[PDB]
Amino acid sequence: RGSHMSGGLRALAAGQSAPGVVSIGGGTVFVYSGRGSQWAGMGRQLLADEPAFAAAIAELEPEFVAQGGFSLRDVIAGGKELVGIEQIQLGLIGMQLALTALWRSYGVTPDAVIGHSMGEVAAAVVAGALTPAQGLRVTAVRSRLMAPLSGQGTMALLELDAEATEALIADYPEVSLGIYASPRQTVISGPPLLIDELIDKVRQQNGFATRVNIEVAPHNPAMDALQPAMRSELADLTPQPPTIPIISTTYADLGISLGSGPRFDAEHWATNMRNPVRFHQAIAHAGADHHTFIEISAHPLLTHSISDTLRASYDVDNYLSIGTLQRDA
Ligand code: NA
Ligand code: NA
Ligand code: NA
Ligand code: NA
């Protein structure tokens with residue numbers, strides 16, 4: 001039935017498509033979003049009808065119980081709301097890894113991964129730079145550090161390019177450019193009263209602007225306060241070089257410069273939560289030679305931005321930008 005599956009996944013789930021199928025060009029990129037997008041009953045039918053999904057949830061559950069005092073298995077089965085930044089972030093990465101297992105069971109695996117904002121932890125796990133246990137650990141530490149800030153920040157998506165956004169916020173020292181979303185959209189981050197003021201200005205100047213469903217201000221100066229504790233608590237984190245190309249959204253150079261490769265260690269995660277998200281540039285880089293982009297999320301929020309980026313550089317008739325699950329049935 002898969003009422004909440006994307007077309008590509010549902011077709012594989014029923015067996016209508018052949019293994020790994022999803023004309024398009026070659027290459028597949030898995031995109032891990034940074035936003036929690038829980039919807040009522042998320043994963044409930046998956047847990048009962050998709051053994052690969054259920055195995056992943058089962059395998060994560062012991063670490064969650066002991067690393068998070070929270071049961072993802074019970075959230076999914078009981079359709080419980082994730083409450084608080086810690087449950088939201090921890091639940092999201094569990095869903096991301098379990099959904100990656102689901103695609104794998106139907107022959108769909110990534111040739112490269114992209115992590116958007118906090119979704120770069122999940123990307124690093126799937127690329128082999130971190131183990132699932134290490135991914136939970138990073139998520140647990142960071143989310144606990146951000147939880148006390150709940151309600152002191154937010155973000156907003158604006159129908160402005162990056163330089164127009166920097167112009168808008170020039171006189172707003174507390175507001176930052178948070179995400180380079182596409183050539184046409186940019187996310188700002190900062191104190192909620194000021195984000196609301198900027199949303200209104202964009203609308204009154206005949207543009208489009210929306211609040212992000214988030215109650216902190218990542219990718220902003222506010223995060224400086226948290227970086228020392230990040231480096232201390234994750235001091236013992238020992239990552240490995242990735243085995244799948246990972247295009248990092250943390251750095252201007254996408255973490256793919258000649259020479260040494262990024263080390264996905266405590267400093268990287270402290271940097272990832274503070275630096276602006278180079279999502280536009282990572283997608284552009286990836287679309288040079290990869291033609292299928294799959295957002296690994298509970299509800300597709302990046303597929304339009306992906307398509308906008310790809311359309312600016314490539315012939316999108318040869319491309320496919322899809323999600324995994326969606327809140328509508
Ligand atoms: Na399965
Ligand atoms: Na897997
Ligand atoms: Na592990
Ligand atoms: Na290691």
# chains A, B, ... in the order shown; residues from 1 in each chain; ligands from 1

call {"tool": "residues_near_ligand", "arguments": {"ligand": "ligand 1", "cutoff": "12 Å", "atoms": "only C-alpha atoms and all ligand atoms", "output": "NGL selection string"}}
result
:A and (2 or 9-10 or 12-15 or 45-57 or 98-108)

call {"tool": "write_last_selection", "arguments": {"atoms": "N, CA and C atoms", "output": "PDB file, in the first residue's frame"}}
result
ATOM      1  N   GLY A   2       1.804   1.334   0.950  1.00  0.00           N
ATOM      2  CA  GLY A   2       2.737   2.443   1.040  1.00  0.00           C
ATOM      3  C   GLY A   2       2.112   3.787   0.735  1.00  0.00           C
ATOM      4  N   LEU A   9       9.797   5.102  -4.904  1.00  0.00           N
ATOM      5  CA  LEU A   9       9.909   4.065  -3.884  1.00  0.00           C
ATOM      6  C   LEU A   9       8.706   3.127  -3.905  1.00  0.00           C
ATOM      7  N   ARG A  10       7.497   3.679  -4.033  1.00  0.00           N
ATOM      8  CA  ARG A  10       6.305   2.837  -4.056  1.00  0.00           C
ATOM      9  C   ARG A  10       6.360   1.848  -5.210  1.00  0.00           C
ATOM     10  N   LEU A  12       8.953   0.510  -6.608  1.00  0.00           N
ATOM     11  CA  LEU A  12       9.848  -0.575  -6.222  1.00  0.00           C
ATOM     12  C   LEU A  12       9.229  -1.438  -5.127  1.00  0.00           C
ATOM     13  N   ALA A  13       8.545  -0.811  -4.165  1.00  0.00           N
ATOM     14  CA  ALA A  13       7.971  -1.567  -3.054  1.00  0.00           C
ATOM     15  C   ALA A  13       6.969  -2.604  -3.546  1.00  0.00           C
ATOM     16  N   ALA A  14       6.190  -2.266  -4.571  1.00  0.00           N
ATOM     17  CA  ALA A  14       5.237  -3.212  -5.135  1.00  0.00           C
ATOM     18  C   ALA A  14       5.879  -4.185  -6.116  1.00  0.00           C
ATOM     19  N   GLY A  15       7.136  -3.967  -6.481  1.00  0.00           N
ATOM     20  CA  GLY A  15       7.786  -4.780  -7.481  1.00  0.00           C
ATOM     21  C   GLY A  15       7.482  -4.397  -8.909  1.00  0.00           C
ATOM     22  N   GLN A  45       3.361   2.150   9.120  1.00  0.00           N
ATOM     23  CA  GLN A  45       3.132   1.068   8.165  1.00  0.00           C
ATOM     24  C   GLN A  45       4.451   0.512   7.640  1.00  0.00           C
ATOM     25  N   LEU A  46       5.490   1.345   7.568  1.00  0.00           N
ATOM     26  CA  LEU A  46       6.797   0.843   7.164  1.00  0.00           C
ATOM     27  C   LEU A  46       7.281  -0.217   8.143  1.00  0.00           C
ATOM     28  N   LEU A  47       7.148   0.055   9.447  1.00  0.00           N
ATOM     29  CA  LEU A  47       7.649  -0.881  10.451  1.00  0.00           C
ATOM     30  C   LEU A  47       7.022  -2.262  10.300  1.00  0.00           C
ATOM     31  N   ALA A  48       5.767  -2.326   9.861  1.00  0.00           N
ATOM     32  CA  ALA A  48       5.077  -3.598   9.750  1.00  0.00           C
ATOM     33  C   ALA A  48       5.221  -4.256   8.388  1.00  0.00           C
ATOM     34  N   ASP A  49       5.524  -3.496   7.330  1.00  0.00           N
ATOM     35  CA  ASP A  49       5.468  -4.022   5.969  1.00  0.00           C
ATOM     36  C   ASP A  49       6.808  -4.038   5.241  1.00  0.00           C
ATOM     37  N   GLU A  50       7.855  -3.463   5.817  1.00  0.00           N
ATOM     38  CA  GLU A  50       9.138  -3.287   5.141  1.00  0.00           C
ATOM     39  C   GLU A  50      10.220  -3.791   6.081  1.00  0.00           C
ATOM     40  N   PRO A  51      10.576  -5.081   5.976  1.00  0.00           N
ATOM     41  CA  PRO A  51      11.531  -5.663   6.939  1.00  0.00           C
ATOM     42  C   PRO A  51      12.858  -4.943   7.021  1.00  0.00           C
ATOM     43  N   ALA A  52      13.372  -4.422   5.906  1.00  0.00           N
ATOM     44  CA  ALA A  52      14.638  -3.700   5.972  1.00  0.00           C
ATOM     45  C   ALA A  52      14.517  -2.464   6.853  1.00  0.00           C
ATOM     46  N   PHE A  53      13.392  -1.765   6.756  1.00  0.00           N
ATOM     47  CA  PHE A  53      13.172  -0.608   7.612  1.00  0.00           C
ATOM     48  C   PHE A  53      13.102  -1.038   9.069  1.00  0.00           C
ATOM     49  N   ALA A  54      12.346  -2.107   9.346  1.00  0.00           N
ATOM     50  CA  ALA A  54      12.182  -2.596  10.717  1.00  0.00           C
ATOM     51  C   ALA A  54      13.496  -3.100  11.301  1.00  0.00           C
ATOM     52  N   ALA A  55      14.345  -3.726  10.475  1.00  0.00           N
ATOM     53  CA  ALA A  55      15.634  -4.196  10.971  1.00  0.00           C
ATOM     54  C   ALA A  55      16.502  -3.025  11.403  1.00  0.00           C
ATOM     55  N   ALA A  56      16.543  -1.971  10.592  1.00  0.00           N
ATOM     56  CA  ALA A  56      17.348  -0.800  10.932  1.00  0.00           C
ATOM     57  C   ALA A  56      16.863  -0.162  12.234  1.00  0.00           C
ATOM     58  N   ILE A  57      15.555   0.048  12.349  1.00  0.00           N
ATOM     59  CA  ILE A  57      14.999   0.604  13.584  1.00  0.00           C
ATOM     60  C   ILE A  57      15.365  -0.282  14.769  1.00  0.00           C
ATOM     61  N   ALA A  98      17.385   4.514   8.779  1.00  0.00           N
ATOM     62  CA  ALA A  98      16.472   3.413   8.476  1.00  0.00           C
ATOM     63  C   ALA A  98      15.916   3.531   7.057  1.00  0.00           C
ATOM     64  N   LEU A  99      15.647   4.753   6.597  1.00  0.00           N
ATOM     65  CA  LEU A  99      15.142   4.911   5.238  1.00  0.00           C
ATOM     66  C   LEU A  99      16.230   4.599   4.208  1.00  0.00           C
ATOM     67  N   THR A 100      17.486   4.907   4.530  1.00  0.00           N
ATOM     68  CA  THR A 100      18.595   4.503   3.670  1.00  0.00           C
ATOM     69  C   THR A 100      18.656   2.986   3.553  1.00  0.00           C
ATOM     70  N   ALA A 101      18.355   2.278   4.650  1.00  0.00           N
ATOM     71  CA  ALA A 101      18.292   0.818   4.627  1.00  0.00           C
ATOM     72  C   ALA A 101      17.161   0.338   3.737  1.00  0.00           C
ATOM     73  N   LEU A 102      16.046   1.067   3.749  1.00  0.00           N
ATOM     74  CA  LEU A 102      14.898   0.689   2.942  1.00  0.00           C
ATOM     75  C   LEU A 102      15.236   0.757   1.463  1.00  0.00           C
ATOM     76  N   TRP A 103      15.782   1.896   1.018  1.00  0.00           N
ATOM     77  CA  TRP A 103      16.203   2.011  -0.377  1.00  0.00           C
ATOM     78  C   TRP A 103      17.212   0.919  -0.747  1.00  0.00           C
ATOM     79  N   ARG A 104      18.170   0.649   0.146  1.00  0.00           N
ATOM     80  CA  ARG A 104      19.169  -0.378  -0.128  1.00  0.00           C
ATOM     81  C   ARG A 104      18.518  -1.731  -0.384  1.00  0.00           C
ATOM     82  N   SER A 105      17.465  -2.050   0.369  1.00  0.00           N
ATOM     83  CA  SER A 105      16.804  -3.338   0.218  1.00  0.00           C
ATOM     84  C   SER A 105      16.127  -3.474  -1.139  1.00  0.00           C
ATOM     85  N   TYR A 106      15.880  -2.367  -1.837  1.00  0.00           N
ATOM     86  CA  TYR A 106      15.325  -2.391  -3.183  1.00  0.00           C
ATOM     87  C   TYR A 106      16.382  -2.063  -4.239  1.00  0.00           C
ATOM     88  N   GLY A 107      17.668  -2.173  -3.879  1.00  0.00           N
ATOM     89  CA  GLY A 107      18.739  -2.048  -4.848  1.00  0.00           C
ATOM     90  C   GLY A 107      19.164  -0.638  -5.159  1.00  0.00           C
ATOM     91  N   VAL A 108      18.760   0.338  -4.343  1.00  0.00           N
ATOM     92  CA  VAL A 108      19.083   1.745  -4.565  1.00  0.00           C
ATOM     93  C   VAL A 108      20.078   2.176  -3.489  1.00  0.00           C
TER      94      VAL A 108
END

call {"tool": "residues_near_ligand", "arguments": {"ligand": "ligand 3", "cutoff": "12 Å", "atoms": "only C-alpha atoms and all ligand atoms", "output": "compact mmCIF listing (two decimals) with N, CA and C atoms, in the first residue's frame"}}
result
# COMPACT_ATOMS: atom_id res chain seq x y z
N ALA A 56 16.54 -1.97 10.59
CA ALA A 56 17.35 -0.80 10.93
C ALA A 56 16.86 -0.16 12.23
N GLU A 59 17.90 -2.30 15.02
CA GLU A 59 19.33 -2.27 15.28
C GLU A 59 19.75 -0.98 15.98
N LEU A 60 19.10 0.13 15.65
CA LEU A 60 19.43 1.39 16.31
C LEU A 60 18.90 1.45 17.74
N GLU A 61 17.78 0.78 18.00
CA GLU A 61 17.05 1.01 19.25
C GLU A 61 17.92 0.87 20.50
N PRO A 62 18.79 -0.14 20.63
CA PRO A 62 19.58 -0.23 21.87
C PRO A 62 20.43 1.00 22.12
N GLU A 63 21.10 1.53 21.09
CA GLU A 63 21.90 2.72 21.30
C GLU A 63 21.03 3.92 21.64
N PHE A 64 19.90 4.09 20.95
CA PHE A 64 18.98 5.18 21.29
C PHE A 64 18.56 5.13 22.75
N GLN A 67 21.70 5.99 24.62
CA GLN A 67 22.30 7.26 24.24
C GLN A 67 21.30 8.42 24.24
N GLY A 94 17.62 8.75 13.07
CA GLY A 94 17.18 7.37 13.03
C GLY A 94 16.34 7.06 11.81
N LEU A 97 18.71 7.03 8.62
CA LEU A 97 19.46 5.79 8.45
C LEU A 97 18.55 4.61 8.13
N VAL A 125 27.58 9.25 8.23
CA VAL A 125 27.38 7.85 8.61
C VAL A 125 27.27 7.00 7.36
N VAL A 126 26.41 7.40 6.43
CA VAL A 126 26.17 6.59 5.24
C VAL A 126 27.42 6.52 4.36
N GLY A 128 30.36 6.30 5.47
CA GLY A 128 31.34 5.51 6.18
C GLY A 128 32.32 6.29 7.02
N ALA A 129 32.20 7.61 7.09
CA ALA A 129 33.10 8.38 7.93
C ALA A 129 32.76 8.22 9.41
N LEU A 130 31.51 7.89 9.72
CA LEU A 130 31.07 7.65 11.09
C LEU A 130 30.28 6.35 11.11
N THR A 131 30.29 5.69 12.25
CA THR A 131 29.38 4.58 12.50
C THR A 131 28.03 5.12 12.92
N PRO A 132 26.96 4.31 12.81
CA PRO A 132 25.65 4.78 13.32
C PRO A 132 25.72 5.21 14.78
N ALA A 133 26.45 4.47 15.61
CA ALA A 133 26.59 4.86 17.01
C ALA A 133 27.20 6.25 17.13
N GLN A 134 28.22 6.53 16.33
CA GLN A 134 28.87 7.84 16.38
C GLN A 134 27.93 8.93 15.89
N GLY A 135 27.11 8.62 14.88
CA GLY A 135 26.13 9.59 14.43
C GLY A 135 25.13 9.97 15.50
N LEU A 136 24.64 8.97 16.25
CA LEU A 136 23.76 9.28 17.37
C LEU A 136 24.48 10.15 18.40
N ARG A 137 25.73 9.81 18.69
CA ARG A 137 26.50 10.54 19.69
C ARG A 137 26.61 12.01 19.32
N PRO A 239 36.64 9.55 13.85
CA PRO A 239 36.03 9.16 12.57
C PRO A 239 37.03 8.41 11.70

call {"tool": "residues_around", "arguments": {"residues": "residue 226 of chain A", "least_positions_apart": "6", "cutoff": "9 Å", "atoms": "only C-alpha atoms", "output": "tab-separated table (two decimals) with C-alpha atoms, in the first residue's frame"}}
result
chain	number	residue	atom	x	y	z
A	142	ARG	CA	24.81	18.89	19.71
A	145	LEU	CA	23.74	21.86	23.76
A	146	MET	CA	21.13	23.61	21.59
A	270	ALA	CA	31.30	22.38	15.79

call {"tool": "residues_around", "arguments": {"residues": "residue 227 of chain A", "least_positions_apart": "4", "cutoff": "12 Å", "atoms": "only C-alpha atoms", "output": "ChimeraX atom specification"}}
result
/A:141-142,145-146,218-223,231-235,266-275

call {"tool": "residues_around", "arguments": {"residues": "segment 110-116 of chain A", "least_positions_apart": "3", "cutoff": "9 Å", "atoms": "only C-alpha atoms", "output": "ChimeraX atom specification"}}
result
/A:27-35,104,119-124,126-127,179,244-250,277-279,282-283,286,290,294

call {"tool": "closest_residue", "arguments": {"among": "A:305, A:96, A:257, A:71", "to": "ligand 2", "atoms": "only C-alpha atoms and all ligand atoms"}}
result
A:96
